[PDB]
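Participant: The structure under discussion is supplied below as structure tokens; questions concerning it will follow.
Protein chains: 2
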Amino acid sequence: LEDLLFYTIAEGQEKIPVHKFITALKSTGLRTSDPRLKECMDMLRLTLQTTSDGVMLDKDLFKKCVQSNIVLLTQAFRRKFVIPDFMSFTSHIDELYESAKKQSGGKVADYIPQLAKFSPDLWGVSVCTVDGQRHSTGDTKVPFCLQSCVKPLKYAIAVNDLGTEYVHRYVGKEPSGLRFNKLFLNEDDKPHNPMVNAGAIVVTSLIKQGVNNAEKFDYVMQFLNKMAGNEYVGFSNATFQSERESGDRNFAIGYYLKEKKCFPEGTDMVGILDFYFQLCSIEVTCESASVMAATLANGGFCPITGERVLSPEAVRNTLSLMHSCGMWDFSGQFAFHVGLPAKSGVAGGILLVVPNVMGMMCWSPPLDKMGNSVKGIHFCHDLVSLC
Amino acid sequence: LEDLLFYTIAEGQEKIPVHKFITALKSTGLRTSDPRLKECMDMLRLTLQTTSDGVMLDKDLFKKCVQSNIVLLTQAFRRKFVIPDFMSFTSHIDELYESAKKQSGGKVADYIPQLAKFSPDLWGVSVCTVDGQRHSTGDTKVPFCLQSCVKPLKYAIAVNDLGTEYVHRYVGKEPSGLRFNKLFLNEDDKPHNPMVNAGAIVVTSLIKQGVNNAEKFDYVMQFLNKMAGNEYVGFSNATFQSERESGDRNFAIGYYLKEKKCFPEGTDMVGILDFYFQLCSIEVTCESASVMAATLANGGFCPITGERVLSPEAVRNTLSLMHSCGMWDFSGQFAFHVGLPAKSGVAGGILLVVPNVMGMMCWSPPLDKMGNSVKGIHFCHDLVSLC
Ligand SMILES: NC(=O)CC[C@H](N)C(=O)O
Ligand SMILES: NC(=O)CC[C@H](N)C(=O)O
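Quick look at the structure:
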């Protein structure tokens, strides 16, 4: 019934060219590399190479072929997605991109000298929604590190594995009010939130306490690959050798936490700190990070594969934490102006989240003095002012 | 001559569809992702949206567009490549693949427990030639570590940076006749050859001695990416956390070499050993490794980019070393039967090289007791018996 509906949308011809069939199929934003339509793409190849004719659509083959992806095609082609007129949305995104390109900023990275090798004019924005509508511009294919942008993800790991009460037995859930590098605890001698460095160290201590570092990294990498829909998730070893021989404030924070005895029993501080460095050393592209902040923009389900990834409790908790203290000292101003859950990092990534609507990633090596990208902040302000 | 080339390609008809142009390119074995034809690919892209005819190539657009790759296109379309009749060559490869799939083998990996998680039935073969002709089958897209296969590459890098006399001031050029884990030196208290573990450690000690590991890894990764034509050269951190907590023979070998004072002056043993582990922990796919062993099959020129990577002296030296002692104690039998320069690996990769013709890669997790893949050895024997 969907093929005759599309024929009614068509100009009255039974046969339509495939190279024109892909048009108005990408106009709704659904890409041709979706694993949901992997059966559709392989059957389309099997029809395309073994015809030598072209301009062939057919109706009975289209009826008998797809039985589970019919609902996705009907939702996409009837403008039943969350965001219609996606060409206009991409036009707005491109206009905001060109407006934010005028800013200059500066001061990319003093410490972590491997991070200072990026040119200051790099700029890219990726967009991915709940249904699977995705679009990206700029330098979205260039890999970049996930410094401090993995902290909400690893907090979700800890919560979904061990229960929120056991997770918050060792950490608080309040904003610190100071820089993330500054070391101090609350009245109960605990880190203020998982987003600061001390809370990140403590929540790395929780994940899979009974196994070695290799199995821990394998588990978190496999699960994050499941969350990303098997996208590109690398590991920048060049930025891991740096920040290990040059990152001294994190070592001081870890030794302070060890001295304050706020660790789980039978835990080695040095190995946990090295594991935290390894988690900070993960690198993804902007397109790959568009799938990030979109599984948690949904109800814990992957926007592309639809698999069960995170429990809704973990997603709600990490969304609340990102809304509260996800932008260091700029969190209050960000909630005042933008009012959306977002996480930043010294690499230049912004994990902007719109709940139940869409996800977004912005990448810009220049940084503000508080540790946030100026171009991404201006882009977010323009986006919340326009839409 | 380009009109005459089109007259040779066509059968006499002026109208040639894009479907006819996109076929017989895979017959020539030149893939669409070649940066040499990147301007031709850009022409194809711009004429896919703007041709005003639909499924048409036209003579005049091809005349006015190709302005730097006339020689490559003319050599490709007149069967001037080193390997003609690529369909027969791929059929031979498929027959050898089916013959080698019958064997079982066993004994995947005992130590490095992260390496033991691979499936024993995984099997893939990738092929690339000097001109750029390539073909792959099986599991060619699954990444795997480059354990013991990066040693000729790092040896070539060290030779290119330093000079043969300065490289061999510390390392001999003779086979050992024992396993790579055996802890002994020659009469002059030196490692026997760069292929074994001690020689690999010493030649890692020589690359950029005055610079820390953070920029050394970036340097060697830049050279590897230039050799690979910007293909997928990843880093498996899971297999780097393992083999560091469990690799004990390498630590004993390094401490023995430090005691024998064969290291360069002012060199830390632990940091160089960690850098060696990092260099062994680099992971690639079968296709990306097939891009390798073709630059050194050529005179140091990358088959894909066409640039210059390695000096001919380094290429000749590493080819001679791989021919002499590139298969551990099985090197004599390999030269007796196959007689081609190949490098083995505990991961399962085989870096089979045919000089000035074509490069290869065979990937099989099961291993013989000597330290080589059984399926790869059988495949090499069948290949040298057939062609
Ligand atoms: N923003 C962070 O704290 C993580 C990255 C930072 N450079 C660090 O490791 O201290
Ligand atoms: N074949 C090998 O020896 C490589 C395994 C490990 N990298 C080692 O040096 O021992």
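Chains C and K, in that order, give the protein sequences.
Taking PDB author numbering, the leading residue of the first sequence gets 139, the next gets one more, and so forth.
Taking PDB author numbering, the leading residue of the second sequence gets 139, the next gets one more, and so forth.
Virtual Cβ for every residue (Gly too), placed ideally from N, Cα, C.
Tell me, please, which residues DSSP counts as bridged to residue 501 of chain K.
Facilitator: In DSSP, residue 501 of chain K forms a bridge with K:262, K:487.
Participant: Mind checking which residues open and close the beta strand (DSSP E) that includes residue 236 of chain C?
Facilitator: Looking at the DSSP string, residue 236 of chain C is not in any beta strand (DSSP E); the run it does join, the alpha helix (DSSP H), is 224-238.
Participant: Taking the C-alpha atoms as reference points, what is the distance between residue 179 of chain K and residue 160 of chain K?
Facilitator: Distance between the alpha carbons of residue 179 of chain K and residue 160 of chain K is about 11 Å.
Participant: For the alpha helix (DSSP H) holding residue 305 of chain C, just list the boundary residues, first then last.
Facilitator: From DSSP, the alpha helix (DSSP H) with residue 305 of chain C extends over 302-305.
Participant: Alpha carbon to alpha carbon, how far is residue 256 of chain K from residue 204 of chain K?
Facilitator: So the alpha carbons of these two residues sit roughly 46 Å apart.
Participant: When the Cα of residue 400 of chain C is compared with those of C:368, C:338, C:423, which residue comes out closest?
Facilitator: Among C:368, C:338, C:423, the Cα nearest to that of residue 400 of chain C belongs to C:338.
Participant: Based on the DSSP output, what are the partners of residue 496 of chain K in its beta bridges?
Facilitator: In the DSSP output, where bridge partners are listed per residue, residue 496 of chain K has K:267, K:492.
Participant: Considering Cα atoms alone, identify which of K:514, K:509, K:489 is closest to residue 284 of chain K.
Facilitator: Residue 284 of chain K has its Cα closest to that of K:489, out of K:514, K:509, K:489.
Participant: Could you tell me the alpha carbon to alpha carbon distance between residue 239 of chain C and residue 500 of chain C, rounded to whole angstroms?
Facilitator: One C-alpha to the other measures close to 12 Å.
Participant: Check each residue of the segment 363-394 of chain C: if its Cβ is closer than 7 Å to any Cβ of chain K, include it; give the result in chain order.
Facilitator: So the list reads 372, 373, 375, 376, 379, 380, 383, given in the order they occur along the chain.
Participant: Got a sec: which bits of the segment 184-197 of chain C sit with their beta carbon under 8 Å from any beta carbon on chain K, in order along the chain?
Facilitator: Taking 8 Å as the Cβ-Cβ cut-off against chain K, the residues of the segment 184-197 of chain C that qualify are 190, 192.
Participant: Any beta carbon of chain K sitting closer than 8 Å to that of residue 271 of chain C?
Facilitator: By this cut-off, residue 271 of chain C is not an interface position.
Participant: For residue 352 of chain C, would you say it is in contact with chain K, using Cβ-to-Cβ distances shorter than 8 Å as the test?
Facilitator: So, interface residue.
Participant: With respect to the alpha helix (DSSP H) encompassing residue 377 of chain K, which residues constitute its N-terminal and C-terminal limits?
Facilitator: 376-379 is the extent of the alpha helix (DSSP H) around residue 377 of chain K.
Participant: Using only CA atoms, which one of K:164, K:197, K:170, K:445 lies nearest to residue 148 of chain K?
Facilitator: For the residues K:164, K:197, K:170, K:445, the minimum Cα distance to residue 148 of chain K belongs to K:197.
Participant: So is residue 179 of chain K in contact with chain C if we call contact Cβ pairs under 8 Å?
Facilitator: Judged by the 8 Å Cβ criterion, residue 179 of chain K is not in contact with chain C.
Participant: Helix or strand or just coil, what does DSSP make of residue 275 of chain C?
Facilitator: DSSP places residue 275 of chain C in strand when its eight states are reduced to three.
Participant: Grouping DSSP H, G and I as helix and E and B as strand, with all else coil, what is residue 462 of chain K?
Facilitator: Of the three classes helix, strand and coil, the one that applies to residue 462 of chain K here is helix, per DSSP.
Participant: Can you tell me whether residue 259 of chain K is buried or exposed, with buried defined as 16 or more other CB within 10 angstroms of its CB?
Facilitator: Burial call: exposed.
Participant: Among K:229, K:440, K:195, K:342, whose alpha-carbon lies nearest the alpha-carbon of residue 415 of chain K?
Facilitator: Nearest option by C-alpha distance: K:342.
Participant: Examine chain C for any beta-carbon lying closer than 8 Å to the beta-carbon of residue 157 of chain K, and answer yes or no.
Facilitator: True, the Cβ-Cβ gap to chain C drops below 8 Å.
Participant: What residue range is occupied by the uninterrupted alpha helix (DSSP H) comprising residue 391 of chain K?
Facilitator: Residue 391 of chain K -> alpha helix (DSSP H) spans 387-398.
Participant: For the alpha helix (DSSP H) that contains residue 409 of chain C, what are its first and last residues?
Facilitator: 407-418 is the span of the alpha helix (DSSP H), which, as asked, contains residue 409 of chain C.
Participant: Assuming residue 121 of chain C and residue 375 of chain K form a contact by the criterion Cβ under 8 Å, report the distance between their Cβ atoms to the nearest whole angstrom.
Facilitator: As shown, chain C starts at 139 and ends at 525. That puts residue 121 of chain C outside it, with no answer to give.
Participant: Using a Cβ-based criterion (distance less than 7 Å to any ligand heavy atom), does residue 250 of chain C qualify as near ligand 1?
Facilitator: It does: the Cβ of residue 250 of chain C is within 7 Å (strictly closer) of some heavy atom of ligand 1.
Participant: Going along the chain, which residues of its own chain have a beta-carbon closer than 6 Å to the beta-carbon of residue 411 of chain C, five neighbours each way excluded?
Facilitator: Contacts found: 392.
Participant: So, is the C-beta of residue 416 of chain K closer than 8 Å to a C-beta in chain C?
Facilitator: It does: the Cβ of residue 416 of chain K has a partner Cβ on chain C nearer than 8 Å.
Participant: Along the chain, where does the beta strand (DSSP E) that runs through residue 371 of chain C open and close?
Facilitator: First-last of the beta strand (DSSP E) with residue 371 of chain C: 371-373.
Participant: Report yes if the C-beta of residue 381 of chain K is less than 7 Å from at least one heavy atom of ligand 2; otherwise report no.
Facilitator: Correct: residue 381 of chain K has its Cβ closer than 7 Å to ligand 2.
Participant: Name the residue from K:214, K:213, K:253, K:156 whose alpha carbon lies nearest to the alpha carbon of residue 377 of chain K.
Facilitator: Among K:214, K:213, K:253, K:156, the Cα nearest to that of residue 377 of chain K is on K:253.
Participant: What residues in the segment 444-472 of chain K have a beta carbon less than 9 Å from any beta carbon of chain C?
Facilitator: The segment 444-472 of chain K vs chain C, Cβ under 9 Å: nothing.
Participant: Give, in chain order, every residue of the segment 244-261 of chain K whose Cβ lies closer than 9 Å to some Cβ of chain C.
Facilitator: Going along the segment 244-261 of chain K in chain order, one finds 251, 252, 255 with a Cβ nearer than 9 Å to chain C.
Participant: If you run the structure through DSSP and keep just helix, strand and coil, what is residue 446 of chain K?
Facilitator: Reduced to three states, the DSSP call for residue 446 of chain K is strand.
Participant: Let me make sure I understand the geometry here. Which of K:368, K:515, K:140 has the alpha-carbon closest to that of residue 201 of chain K?
Facilitator: Residue K:140 is the option with its Cα nearest to residue 201 of chain K.
Participant: Distance check for residue 420 of chain K and residue 297 of chain C, CA to CA, integer angstroms please.
Facilitator: Residue 297 of chain C and residue 420 of chain K: Cα-Cα distance of roughly 32 Å.
Participant: Any C-beta of chain C sitting closer than 8 Å to the C-beta of residue 333 of chain K?
Facilitator: Residue 333 of chain K does not count as touching chain C.
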